[PDB]
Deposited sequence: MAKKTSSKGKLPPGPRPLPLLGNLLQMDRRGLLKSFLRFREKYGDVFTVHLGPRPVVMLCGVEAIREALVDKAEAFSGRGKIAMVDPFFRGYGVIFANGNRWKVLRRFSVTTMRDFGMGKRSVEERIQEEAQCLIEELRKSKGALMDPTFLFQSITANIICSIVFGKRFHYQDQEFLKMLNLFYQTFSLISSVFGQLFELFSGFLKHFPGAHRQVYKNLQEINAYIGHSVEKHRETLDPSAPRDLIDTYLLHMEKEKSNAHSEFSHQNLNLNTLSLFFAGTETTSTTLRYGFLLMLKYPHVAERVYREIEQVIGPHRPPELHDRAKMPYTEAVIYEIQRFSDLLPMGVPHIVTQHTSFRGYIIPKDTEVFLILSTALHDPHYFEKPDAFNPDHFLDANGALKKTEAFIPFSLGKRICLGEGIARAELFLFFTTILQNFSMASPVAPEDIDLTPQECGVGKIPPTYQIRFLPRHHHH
């Protein structure tokens, strides 16, 4: 009848002295051993409710969507976003921006499938030209995923050799890392105090403004060349709404929503799928038998010449299982994205008051040992039955659930499929590190789980 139980806080420090030095997620998993799946932690000055396991998270996000569909802040980026753009919006702003983004994410995508297929052929050409050299593949995994969203948002794609484009990708990469660092986790507890000192929050803010400066320019160039009878892309479509609603001072189709919604789509469109690819190829280097078996399946179902297509998925249970398992193992957003309850809500006999922040600990569903035997190991059979047919599970929720479920889920799974199969169709992988010596420990583990840097060669078949 009050908040969920948890560790007794100290004034100012909240539960700091009970935390694990290894980070937030490790701290919360230690609290779960003691308190169970629903508990409260005081992150510096404020209580945050944690929900763990797929039952509690689905009860909240699906069964109680009228209460658990608010968005909380991520302290390291709130000073930049300030509640603008679909990711960080609440209330009617969110409603408008969410419907807008979904409709225009769709109806310019001509089809998404064709754009990913074309990007995948550019990528295969780029990898051929690299002549089996060693590379850290981060920049190309970023380029290809960024380019899909660029084609919908900006109506164009950028060349892999373009230093400017590269410069923006570097900023997405550094920024997601700094958000996820130990400092970024400490900022989440003590931003009230730490914001007054130098630190990585200032670097994040600067990177995000540098990306936003490009968006603002591109908006300006679109404004100048706009033809209301044929919008080219999502920016044109938003500009036409802004024109329709111009006599309303309170229209949500504002310039700040335009720039930060666009940045939002971009950043999420790029860095999420790119990081999942980076983990996926590291996992292929450590488990080359899995890569060999996917390749077998591509030979038998697709053959060595015809481009993979989405229709191939249903015939390729092994490859779909491997990608599910990459997503489950790589656990991109272990604590998901913060929510907030929008009205006083009862939950499992507790009372969670309006405006309390809620974290859905997606990582606990992804590693549920009732749904996945050996959840700490990479094993595609987590997603196969005895017959080797695909076995989907309701514990697989790396995109979350309910009203704020990832709006990019379809696009992301299309990209993973098409890029992973197209690459393995044309190339096998090698590197200087023996599989037994490859260390999968993430380089950062905070809001994001971010794999270590590594070198790889793509060898033409």
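Of the deposited sequence, the ranges 1 to 8, 118 to 120, 473 to 476 have no C-alpha coordinates according to the record.
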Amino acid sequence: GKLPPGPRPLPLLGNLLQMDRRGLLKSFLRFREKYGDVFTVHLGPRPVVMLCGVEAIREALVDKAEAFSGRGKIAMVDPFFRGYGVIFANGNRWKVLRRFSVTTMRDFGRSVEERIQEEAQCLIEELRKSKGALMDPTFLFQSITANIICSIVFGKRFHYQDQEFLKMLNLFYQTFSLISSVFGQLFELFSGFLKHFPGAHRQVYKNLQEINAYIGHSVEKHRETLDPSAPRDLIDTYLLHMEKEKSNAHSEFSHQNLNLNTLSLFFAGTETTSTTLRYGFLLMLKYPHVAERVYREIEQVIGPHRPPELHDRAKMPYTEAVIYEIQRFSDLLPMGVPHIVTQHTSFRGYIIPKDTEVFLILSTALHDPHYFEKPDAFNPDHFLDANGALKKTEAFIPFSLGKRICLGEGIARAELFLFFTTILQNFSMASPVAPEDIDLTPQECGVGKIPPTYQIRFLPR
From here on, numbers count along this sequence of modelled residues.
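We call the rigid core the largest set of C-alpha positions that still match within 1.5 Å between the two forms.
Once the rigid core is used to overlay the structures in 7 other deposited structures of this protein, the stretch among 123 to 131 and 205 to 213 whose CA atoms lie farther from this form is 205 to 213.
Per-stretch RMS Cα distance to the displayed form in 7 other deposited structures of this protein, following rigid core alignment, is highest for 189 to 197 when 318 to 326 and 189 to 197 are compared. Legend: mean Cα B-factor per stretch from the PDB entry, 216 to 224 versus 141 to 149; the higher mean is in 216 to 224.
As the entry records it, the average C-alpha temperature factor is higher for 60 to 68, out of 390 to 398 and 60 to 68. Note on the listed residues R82, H305, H339, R296: the highest Cα temperature factor in the record is that of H305.
Listed residues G199, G184, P317, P380 were ranked by CA B-factor as deposited; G199 comes out on top. Split the chain's modelled residues into thirds by C-alpha temperature factor. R110 is in the highest one. When all modelled residues of the chain are sorted by CA temperature factor, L25 is found within the lowest third. In the deposited entry, the Cα temperature factor of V433 sits in the top third of values across the chain's modelled residues. In the PDB entry, a CA B factor belonging to the highest third of its chain's modelled residues is recorded for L13. Per the PDB record, residue ranking by Cα B-factor puts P334 in the lowest third of the chain.
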